[PDB]
Amino acid sequence: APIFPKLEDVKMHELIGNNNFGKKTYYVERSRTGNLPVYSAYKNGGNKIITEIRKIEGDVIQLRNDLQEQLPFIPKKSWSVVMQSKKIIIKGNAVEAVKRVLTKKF
Amino acid sequence: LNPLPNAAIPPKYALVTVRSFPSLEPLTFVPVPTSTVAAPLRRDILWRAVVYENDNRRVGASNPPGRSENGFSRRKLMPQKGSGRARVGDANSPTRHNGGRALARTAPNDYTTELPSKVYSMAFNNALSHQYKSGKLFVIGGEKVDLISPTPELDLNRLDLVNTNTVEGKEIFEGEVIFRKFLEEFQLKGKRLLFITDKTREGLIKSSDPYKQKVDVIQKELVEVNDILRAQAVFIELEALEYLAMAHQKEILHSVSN
Amino acid sequence: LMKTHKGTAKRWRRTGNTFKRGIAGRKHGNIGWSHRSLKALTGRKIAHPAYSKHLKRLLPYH
Amino acid sequence: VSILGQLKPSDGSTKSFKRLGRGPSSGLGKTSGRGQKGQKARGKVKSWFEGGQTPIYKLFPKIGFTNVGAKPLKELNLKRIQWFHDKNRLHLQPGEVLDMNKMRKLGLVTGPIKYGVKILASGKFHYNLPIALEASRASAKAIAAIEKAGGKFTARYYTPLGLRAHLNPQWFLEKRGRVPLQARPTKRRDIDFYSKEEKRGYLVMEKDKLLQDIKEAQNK
Amino acid sequence: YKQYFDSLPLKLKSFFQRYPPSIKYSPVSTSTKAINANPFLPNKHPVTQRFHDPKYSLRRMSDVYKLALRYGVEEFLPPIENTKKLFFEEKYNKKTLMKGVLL
Amino acid sequence: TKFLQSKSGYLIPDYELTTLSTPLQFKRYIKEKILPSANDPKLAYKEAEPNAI
RNA sequence: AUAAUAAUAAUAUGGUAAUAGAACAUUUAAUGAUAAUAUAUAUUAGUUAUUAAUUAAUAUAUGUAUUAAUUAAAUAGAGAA
RNA sequence: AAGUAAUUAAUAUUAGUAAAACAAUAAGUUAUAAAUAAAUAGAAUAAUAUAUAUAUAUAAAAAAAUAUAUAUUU
RNA sequence: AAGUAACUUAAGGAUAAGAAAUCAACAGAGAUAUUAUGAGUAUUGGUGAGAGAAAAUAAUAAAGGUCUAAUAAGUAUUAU
Ligand SMILES: [Mg+2]
Ligand SMILES: [Mg+2]
Ligand SMILES: [Mg+2]
Ligand SMILES: [Mg+2]
Ligand SMILES: [Mg+2]
Ligand SMILES: [Mg+2]
Ligand SMILES: [Mg+2]
Ligand SMILES: [Mg+2]
Ligand SMILES: [Mg+2]
Ligand SMILES: [Mg+2]
Ligand SMILES: [Mg+2]
Ligand SMILES: [Mg+2]
Ligand SMILES: [Mg+2]
Ligand SMILES: [Mg+2]
Ligand SMILES: [Mg+2]
Ligand SMILES: [Mg+2]
Ligand SMILES: [Mg+2]
Ligand SMILES: [Mg+2]
């Protein structure tokens, strides 16, 4: 399993700059073991409960919109995304619901 | 209905040219994973590495003499009562002219800092990625990968200059002249260079000895994130680049799924 | 380095997110008092919030 | 230009420490938070000193004792084993037993194990793995769940050195060229525990010679 | 075959040079002056008639024997029957189980 | 790409080579990046002056 | 669904001990063009809602900033002993 | 001319990884199961506490305290 | 506080320790010295102030075991 494959082994769509990944597209990578990266965190002494999504490559905003379209029970203002690390934060505990949606495709 | 309509697969390769040292003539394309040369610029991780390296590199020789290490006798300079002046003890008190320094540090002061291994590996890749994105990373390979363009006879295939030890000519030798014209042709004379090499290349250090102030040669298992970011033009052997990639690859388990 | 306060360690034990303690007053001179009333003097109680801050300092490794 | 001149820490990962005694308008002026006069102003006093009142670490009676002979055991509920199987992470060849060695290697039990792991039954109702298990002990409900799914369980006795050999035998092979033999129980309470069919002890279920030797001496 | 002279550890080599396995060593305590004197056993001086400590202490005896076992050298080492110490399988099998365990 | 650089006399970053996929893109990139500096030396790029106008 | 700036309505803006947030001056280390038509310091007079930095003039030194800016550290700020 | 340093512990923010984390040579640490002074005890036999685990008690329950479960283990 | 400060005495480039009348537990390791986990752990205290190991696993380490005794008695042990 070489880290540098042969020049012939690679094909066009595996080269950065093709297949317009960075536009209107998002990919979420599973953890080392193979579980979805959705975790719950208790903050400020356990009083505040949040849900986080990590390992997001692409456009976080549209992934946020797509999830919002699938879980309309979570209010509009509960979602918040940090741009420094590309993490989507939900003001409640919705690890179960988000995992159900995410696994549908990823 | 489509659950996640805007979801797709990411690319997993970027193209890096392979050339010869004296003249940066391309020889072949060697695909390289996106994690090691094309990664998003996250300055925070670089900031963690740069300060971490900066802390571990300190000497900490500060050593002011405290009131205990200051050489004065422990005798009351003046009687407590009746003298009409302020109360004073021994002549080492910080408030006096010749007294020691309060809260004095003692060498060797400790400034060591520690970082998780995974964070350091990520920072290192982000450094190569920034150099490659800015088109400042040159790879000198061959002799181990398929060649689709013959190597020039005069040029070598590694970061080393031959005939640099036959200095039984004049005050100069061939190695310097080759280096000087290499510097001039590519317009990188006064600019900072970093040469990462597989093994100790005595020829390159000898030729670059005149330019200590701007040219530095480092081995595989010595390069730091500071030196890669500092250098405006990084030259790295393909063998070294592979070694760095393995040493700083995101370990992955089976992760078998349907 | 910081050392656990043994006097506290011998009287307080960690239970969940707080500490557990015995009751004081039922070691001698108990005859003459109703046994049912004295039942409240046997068993364990939980650390009061007033001194919880102290206990963490006394038993840092607990 | 080099990026070294534009690096900046991530927001929220840095504050400014409070300077003391460096200006009135700074907010921490002459007293610098100490207050007005007192022992705490120009001295240090134990944060847990009550002022002479009988302290909270003397009013109450010393309670309990420490069992230096305690044998703490790690925990592994049946829910985890099923979860590993569902996630396709139990690479168990047919006919193989899920002992301590496999649990450590497969990541089922992580971190140091000093004495053993006891199998409990938190997800017994969902457990349908017919593999054969082996651990220091198990709950009665776990035993029922293991056998309900067509499996089996046995309880084995491992000393700290014996357990170490059973966990990474290759270490002993490369060091001494010999895997040390397992140690027979010498405590009454251990012999009694592993001679019970209710606990599925290895002495009773495999009828080791130790019980026979005990029996022959008892009736002699 | 001689080229496995250096393969053996230092202790096993040194023992063989000092006590060649060609000479047969008695299994019982004898006179110190006697050639067939076991270094692992307390021999008795003939003139002073007082027992001598074994030349190889019990740790050194155990070390050399254990190295000998790992490399198949058993009979070449002098006998240790009267050393009141058994190693590995022989100890495990012919073990006098405790009176407390039995009763 | 090697022929384009060898005869043009310039050098293209490896990143652009990976991303650009048609010769039209190569001509558009080279025309919009190297030419403005080549024709007007004052409109050059200085590493010490990245954010320059 | 953001940031900067500007508008309209409303509420608030004394403060010792204390708590919380944000900035400025000096020095050191990493990165870091320019140059006597410049740079540093001092005086005087202006500008910016001003412990600071700037414009001009004057005087002295230097063919010259550890200079702007982002970080990391302080022997980092004195009418109070 | 005056809140400094070393070795530890607990909280808050961010970053990395994540039912695991640090570290890899092993070892160790923490989390993953709550209790009891302690012991060979340890969470839905069929669903939300009316079930279950531990502690007192019992034949077993009730009673008091804490904890556990309603495509995905926190 | 502390077998610390201080005084006195003796020797060498170093000195001290060192090849088990050692640990450990029915399975085993195999001298000494220093550091880390073990461990603030067992243990101990006007059960106050406080004090606090060992086994085992790692790192530096050197060829690291080897006889020089006729195998050791007012010695071990006991009382104090
Ligand atoms: Mg009582
Ligand atoms: Mg009452
Ligand atoms: Mg104030
Ligand atoms: Mg007062
Ligand atoms: Mg005052
Ligand atoms: Mg006060
Ligand atoms: Mg105010
Ligand atoms: Mg720092
Ligand atoms: Mg000062
Ligand atoms: Mg002054
Ligand atoms: Mg003032
Ligand atoms: Mg003492
Ligand atoms: Mg002395
Ligand atoms: Mg000596
Ligand atoms: Mg000696
Ligand atoms: Mg220690
Ligand atoms: Mg003797
Ligand atoms: Mg005595």
# chains A, B, ... in the order shown; residues from 1 in each chain; ligands from 1
$ closest_atom_pairs --of "chain C" --to "chain I" --cutoff "8 Å" --atoms "only C-alpha atoms (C1' of nucleotides)" --output "CSV"
residue,atom,partner,partner_atom,distance
C:2,CA,I:40,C1',7.6
C:3,CA,I:40,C1',5.5
C:4,CA,I:40,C1',6.6
C:7,CA,I:47,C1',7.6
$ residues_near_ligand --ligand "ligand 16" --cutoff "10 Å" --atoms "only C-alpha atoms (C1' of nucleotides) and all ligand atoms" --output "list in words"
residues 35, 36, 37, 38, 39, 53 and 54 of chain I
$ select_by_dssp --residues "chain A" --states "strand (DSSP E)" --output "short mmCIF file (atom, residue, chain, number, x, y, z; two decimals) with N, CA, C and O atoms, in the first residue's frame"
data_model
loop_
_atom_site.label_atom_id
_atom_site.label_comp_id
_atom_site.auth_asym_id
_atom_site.auth_seq_id
_atom_site.Cartn_x
_atom_site.Cartn_y
_atom_site.Cartn_z
N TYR A 26 -20.04 18.65 -0.16
CA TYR A 26 -19.48 18.41 1.16
C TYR A 26 -19.25 16.93 1.39
O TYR A 26 -20.04 16.10 0.94
N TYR A 27 -18.16 16.58 2.06
CA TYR A 27 -17.92 15.19 2.40
C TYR A 27 -17.54 15.09 3.87
O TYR A 27 -16.79 15.93 4.37
N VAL A 28 -18.06 14.07 4.54
CA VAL A 28 -17.82 13.84 5.96
C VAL A 28 -17.13 12.49 6.09
O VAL A 28 -17.66 11.47 5.64
N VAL A 38 -20.25 12.35 15.02
CA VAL A 38 -21.22 13.19 15.70
C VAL A 38 -21.10 12.91 17.19
O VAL A 38 -21.27 11.76 17.62
N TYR A 39 -20.82 13.94 17.97
CA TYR A 39 -20.54 13.80 19.39
C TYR A 39 -21.29 14.84 20.19
O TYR A 39 -21.56 15.94 19.71
N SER A 40 -21.61 14.48 21.43
CA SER A 40 -22.25 15.37 22.37
C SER A 40 -21.22 15.91 23.35
O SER A 40 -20.29 15.20 23.74
N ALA A 41 -21.40 17.16 23.75
CA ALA A 41 -20.50 17.81 24.68
C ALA A 41 -21.31 18.60 25.70
O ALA A 41 -22.25 19.31 25.34
N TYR A 42 -20.93 18.47 26.97
CA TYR A 42 -21.54 19.22 28.05
C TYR A 42 -20.60 20.34 28.46
O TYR A 42 -19.44 20.08 28.79
N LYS A 43 -21.10 21.57 28.45
CA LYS A 43 -20.27 22.74 28.62
C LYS A 43 -20.77 23.60 29.77
O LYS A 43 -21.96 23.58 30.11
N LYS A 48 -24.97 23.16 29.91
CA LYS A 48 -25.28 23.35 28.50
C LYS A 48 -24.88 22.11 27.73
O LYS A 48 -23.76 21.61 27.89
N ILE A 49 -25.79 21.61 26.90
CA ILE A 49 -25.57 20.41 26.10
C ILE A 49 -25.58 20.82 24.63
O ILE A 49 -26.50 21.50 24.18
N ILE A 50 -24.55 20.40 23.90
CA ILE A 50 -24.43 20.72 22.48
C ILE A 50 -24.06 19.46 21.72
O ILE A 50 -23.58 18.47 22.28
N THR A 51 -24.28 19.51 20.41
CA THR A 51 -23.91 18.45 19.49
C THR A 51 -22.96 19.02 18.45
O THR A 51 -23.18 20.12 17.93
N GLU A 52 -21.90 18.27 18.14
CA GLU A 52 -20.87 18.73 17.22
C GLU A 52 -20.67 17.72 16.11
O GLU A 52 -20.81 16.51 16.31
N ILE A 53 -20.35 18.23 14.92
CA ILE A 53 -20.01 17.42 13.76
C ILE A 53 -18.65 17.87 13.26
O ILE A 53 -18.43 19.06 13.03
N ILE A 56 -15.33 17.57 8.34
CA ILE A 56 -16.14 18.06 7.24
C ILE A 56 -15.21 18.71 6.23
O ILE A 56 -14.53 19.69 6.55
N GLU A 57 -15.17 18.17 5.02
CA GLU A 57 -14.40 18.74 3.92
C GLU A 57 -15.36 19.21 2.84
O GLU A 57 -16.15 18.43 2.31
N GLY A 58 -15.28 20.50 2.52
CA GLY A 58 -16.14 21.09 1.52
C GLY A 58 -16.82 22.35 1.99
O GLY A 58 -16.17 23.22 2.59
N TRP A 79 -28.80 26.05 15.07
CA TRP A 79 -27.61 25.66 14.34
C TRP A 79 -26.59 26.79 14.30
O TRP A 79 -26.95 27.97 14.15
N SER A 80 -25.32 26.43 14.45
CA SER A 80 -24.23 27.39 14.35
C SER A 80 -22.98 26.63 13.92
O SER A 80 -22.72 25.53 14.41
N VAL A 81 -22.22 27.23 13.01
CA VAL A 81 -21.05 26.59 12.42
C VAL A 81 -19.84 27.48 12.63
O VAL A 81 -19.92 28.70 12.42
N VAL A 82 -18.74 26.89 13.05
CA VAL A 82 -17.47 27.59 13.18
C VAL A 82 -16.67 27.37 11.91
O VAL A 82 -16.56 26.24 11.42
N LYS A 87 -16.95 23.06 11.91
CA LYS A 87 -17.74 22.27 12.85
C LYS A 87 -19.14 22.85 12.92
O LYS A 87 -19.30 24.06 13.08
N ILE A 88 -20.14 21.99 12.81
CA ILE A 88 -21.54 22.39 12.94
C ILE A 88 -22.00 22.06 14.35
O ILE A 88 -21.87 20.91 14.81
N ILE A 89 -22.53 23.06 15.05
CA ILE A 89 -22.92 22.94 16.45
C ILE A 89 -24.43 23.09 16.54
O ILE A 89 -25.01 24.00 15.94
N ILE A 90 -25.06 22.19 17.30
CA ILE A 90 -26.50 22.21 17.52
C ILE A 90 -26.74 22.42 19.01
O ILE A 90 -26.14 21.73 19.84
#
$ interface_residues --of "chain B" --to "chain H" --cutoff "10 Å" --atoms "only C-alpha atoms (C1' of nucleotides)" --output "list in words"
residues 44, 45, 48, 93, 94, 95, 96, 97, 99, 101, 102, 103, 104, 105, 106, 109, 110, 115, 116, 117, 118, 119, 120 and 122 of chain B
$ select_by_dssp --residues "region 61-95 of chain E" --states "helix (DSSP H, G or I)" --output "PDB file with N, CA and C atoms, in the first residue's frame"
ATOM      1  N   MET E  61      23.866 -20.559  40.171  1.00  0.00           N
ATOM      2  CA  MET E  61      23.460 -21.891  39.738  1.00  0.00           C
ATOM      3  C   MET E  61      22.154 -21.836  38.964  1.00  0.00           C
ATOM      4  N   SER E  62      21.180 -21.072  39.462  1.00  0.00           N
ATOM      5  CA  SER E  62      19.899 -20.976  38.773  1.00  0.00           C
ATOM      6  C   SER E  62      20.054 -20.313  37.415  1.00  0.00           C
ATOM      7  N   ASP E  63      20.862 -19.257  37.337  1.00  0.00           N
ATOM      8  CA  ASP E  63      21.052 -18.572  36.065  1.00  0.00           C
ATOM      9  C   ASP E  63      21.662 -19.507  35.030  1.00  0.00           C
ATOM     10  N   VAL E  64      22.770 -20.165  35.378  1.00  0.00           N
ATOM     11  CA  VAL E  64      23.458 -21.006  34.404  1.00  0.00           C
ATOM     12  C   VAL E  64      22.565 -22.160  33.974  1.00  0.00           C
ATOM     13  N   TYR E  65      21.815 -22.734  34.913  1.00  0.00           N
ATOM     14  CA  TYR E  65      20.911 -23.821  34.559  1.00  0.00           C
ATOM     15  C   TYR E  65      19.809 -23.340  33.628  1.00  0.00           C
ATOM     16  N   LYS E  66      19.229 -22.173  33.912  1.00  0.00           N
ATOM     17  CA  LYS E  66      18.160 -21.669  33.059  1.00  0.00           C
ATOM     18  C   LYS E  66      18.660 -21.409  31.646  1.00  0.00           C
ATOM     19  N   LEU E  67      19.843 -20.810  31.512  1.00  0.00           N
ATOM     20  CA  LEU E  67      20.427 -20.652  30.186  1.00  0.00           C
ATOM     21  C   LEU E  67      20.668 -22.006  29.540  1.00  0.00           C
ATOM     22  N   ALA E  68      21.104 -22.986  30.333  1.00  0.00           N
ATOM     23  CA  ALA E  68      21.344 -24.320  29.800  1.00  0.00           C
ATOM     24  C   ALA E  68      20.057 -24.937  29.270  1.00  0.00           C
ATOM     25  N   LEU E  69      18.955 -24.770  30.001  1.00  0.00           N
ATOM     26  CA  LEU E  69      17.679 -25.309  29.544  1.00  0.00           C
ATOM     27  C   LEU E  69      17.259 -24.677  28.223  1.00  0.00           C
ATOM     28  N   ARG E  70      17.409 -23.358  28.099  1.00  0.00           N
ATOM     29  CA  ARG E  70      16.970 -22.670  26.891  1.00  0.00           C
ATOM     30  C   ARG E  70      17.703 -23.152  25.650  1.00  0.00           C
ATOM     31  N   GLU E  81      20.608 -32.650  41.565  1.00  0.00           N
ATOM     32  CA  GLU E  81      19.553 -33.351  42.293  1.00  0.00           C
ATOM     33  C   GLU E  81      19.571 -32.994  43.774  1.00  0.00           C
ATOM     34  N   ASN E  82      20.748 -33.019  44.392  1.00  0.00           N
ATOM     35  CA  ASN E  82      20.872 -32.763  45.821  1.00  0.00           C
ATOM     36  C   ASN E  82      20.887 -31.281  46.162  1.00  0.00           C
ATOM     37  N   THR E  83      20.521 -30.412  45.225  1.00  0.00           N
ATOM     38  CA  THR E  83      20.480 -28.978  45.465  1.00  0.00           C
ATOM     39  C   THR E  83      19.146 -28.522  46.044  1.00  0.00           C
ATOM     40  N   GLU E  89       9.106 -27.659  34.604  1.00  0.00           N
ATOM     41  CA  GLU E  89       8.181 -28.788  34.558  1.00  0.00           C
ATOM     42  C   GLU E  89       8.407 -29.737  35.724  1.00  0.00           C
ATOM     43  N   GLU E  90       9.666 -30.094  35.987  1.00  0.00           N
ATOM     44  CA  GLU E  90       9.940 -31.035  37.067  1.00  0.00           C
ATOM     45  C   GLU E  90       9.406 -30.506  38.390  1.00  0.00           C
ATOM     46  N   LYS E  91       9.569 -29.207  38.638  1.00  0.00           N
ATOM     47  CA  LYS E  91       8.996 -28.602  39.834  1.00  0.00           C
ATOM     48  C   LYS E  91       7.477 -28.657  39.803  1.00  0.00           C
ATOM     49  N   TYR E  92       6.878 -28.325  38.658  1.00  0.00           N
ATOM     50  CA  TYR E  92       5.424 -28.253  38.577  1.00  0.00           C
ATOM     51  C   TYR E  92       4.789 -29.614  38.823  1.00  0.00           C
ATOM     52  N   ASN E  93       5.378 -30.672  38.271  1.00  0.00           N
ATOM     53  CA  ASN E  93       4.797 -32.002  38.404  1.00  0.00           C
ATOM     54  C   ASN E  93       5.028 -32.567  39.800  1.00  0.00           C
TER      55      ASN E  93
END
$ residues_around --residues "region 12-26 of chain E" --least-positions-apart "4" --cutoff "6 Å" --atoms "only C-alpha atoms (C1' of nucleotides)" --output "compact mmCIF listing (two decimals) with C-alpha atoms, in the first residue's frame"
# COMPACT_ATOMS: atom_id res chain seq x y z
CA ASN E 36 34.55 -34.84 41.12
CA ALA E 37 33.37 -32.08 43.45
CA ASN E 38 30.06 -30.49 42.53
CA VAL E 64 23.46 -21.01 34.40
CA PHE E 76 26.55 -31.51 30.26
CA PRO E 78 26.75 -31.11 36.59
$ residues_around --residues "region 38-47 of chain F" --least-positions-apart "4" --cutoff "10 Å" --atoms "only C-alpha atoms (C1' of nucleotides)" --output "PDB file with C-alpha atoms (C1' of nucleotides), in the first residue's frame"
ATOM      1  CA  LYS B 191      16.493  34.379  -1.101  1.00  0.00           C
ATOM      2  CA  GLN B 232      10.868  30.810   0.568  1.00  0.00           C
TER       3      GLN B 232
ATOM      4  CA  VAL D   1       6.519  36.416   2.470  1.00  0.00           C
ATOM      5  CA  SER D   2       7.027  33.747   5.113  1.00  0.00           C
TER       6      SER D   2
ATOM      7  CA  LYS F  33      -0.654  35.928 -14.558  1.00  0.00           C
ATOM      8  CA  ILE F  34       2.788  36.127 -16.173  1.00  0.00           C
ATOM      9  CA  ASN F  51      -0.224  42.974  -0.029  1.00  0.00           C
ATOM     10  CA  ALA F  52       0.866  45.627  -2.512  1.00  0.00           C
ATOM     11  CA  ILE F  53      -1.150  47.857  -4.835  1.00  0.00           C
TER      12      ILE F  53
ATOM     13  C1'   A G  33      10.865  46.077   2.079  1.00  0.00           C
TER      14        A G  33
END
$ decode --residues "region 45-72 of chain I" --atoms "C-alpha atoms (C1' of nucleotides)" --output "PDB file, in the first residue's frame"
ATOM      1  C1'   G I  45       1.029   9.889  63.052  1.00  0.00           C
ATOM      2  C1'   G I  46      -0.734  14.280  70.688  1.00  0.00           C
ATOM      3  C1'   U I  47      -4.323   8.651  64.070  1.00  0.00           C
ATOM      4  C1'   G I  48      -2.571  16.450  64.684  1.00  0.00           C
ATOM      5  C1'   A I  49       1.120  19.170  62.059  1.00  0.00           C
ATOM      6  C1'   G I  50       2.614  15.788  58.819  1.00  0.00           C
ATOM      7  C1'   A I  51       5.634  11.578  57.072  1.00  0.00           C
ATOM      8  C1'   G I  52       5.419   7.461  53.115  1.00  0.00           C
ATOM      9  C1'   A I  53       7.735   2.291  50.558  1.00  0.00           C
ATOM     10  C1'   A I  54       8.376  -2.334  47.865  1.00  0.00           C
ATOM     11  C1'   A I  55       7.292  -5.781  43.945  1.00  0.00           C
ATOM     12  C1'   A I  56       6.935  -5.247  38.585  1.00  0.00           C
ATOM     13  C1'   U I  57       7.749  -2.504  33.647  1.00  0.00           C
ATOM     14  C1'   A I  58      11.005   1.043  31.073  1.00  0.00           C
ATOM     15  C1'   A I  59      15.806   4.442  30.060  1.00  0.00           C
ATOM     16  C1'   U I  60      21.732   5.430  31.008  1.00  0.00           C
ATOM     17  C1'   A I  61      25.375   1.677  31.911  1.00  0.00           C
ATOM     18  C1'   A I  62      29.893  -1.541  31.223  1.00  0.00           C
ATOM     19  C1'   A I  63      33.006  -7.852  28.970  1.00  0.00           C
ATOM     20  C1'   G I  64      30.072  -7.402  34.069  1.00  0.00           C
ATOM     21  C1'   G I  65      31.802 -11.773  37.748  1.00  0.00           C
ATOM     22  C1'   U I  66      34.969 -13.133  40.103  1.00  0.00           C
ATOM     23  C1'   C I  67      37.679 -15.664  44.180  1.00  0.00           C
ATOM     24  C1'   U I  68      41.736 -13.487  46.987  1.00  0.00           C
ATOM     25  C1'   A I  69      39.106 -17.992  52.185  1.00  0.00           C
ATOM     26  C1'   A I  70      42.273 -23.887  54.611  1.00  0.00           C
ATOM     27  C1'   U I  71      34.120 -21.248  54.547  1.00  0.00           C
ATOM     28  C1'   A I  72      34.353 -18.030  59.448  1.00  0.00           C
TER      29        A I  72
END
